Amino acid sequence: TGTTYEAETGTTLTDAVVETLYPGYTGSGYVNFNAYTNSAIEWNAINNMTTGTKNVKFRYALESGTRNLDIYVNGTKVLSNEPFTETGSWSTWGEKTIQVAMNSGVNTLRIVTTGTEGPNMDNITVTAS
């Protein structure tokens, strides 16, 4: 089952805001990226039992188009312009899973816009791959 970390709480936001306009989110809301570039969500407390490759499953909404995010783990960029494809509606919450290396113990993960803005981001769920 893993751990789910909400996007809206327990994070640091840059040019991004907590929003509740579209229904279906988990927790208290979701995050809306505001800037086409350099908007960010940083999770500061991703807590793993083991070091290894993780499945990081983003729950997100994206009415149309593809939007690409840079993905950092423990301060190092590890995915460049990773695509988030459309869900069809701002209240259609889809899932996208990436496979990235993380350490045991406490880690950080930061996702950043790069020129196409971002999906509305609900949470991430991290499991061992």
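Position 1 is the first residue in the sequence shown; the rest follow in order.
Taking the mean C-alpha B-factor of each stretch as recorded, 19-27 and 113-121 are not equal, and the higher mean is that of 19-27. Among the modelled residues of the chain, residue 57 sits in the middle third by CA temperature factor in this PDB entry. When the CA B factors of the chain's modelled residues are split into thirds, the value for residue 34 lands in the highest one. When the modelled residues of the chain are ordered by their C-alpha B factor, residue 79 lands in the lowest third.
When the modelled residues of the chain are ordered by C-alpha B-factor, residue 41 sits in the lowest third.
Residue 86: CA B factor lies in the highest third for its chain, per the PDB record.
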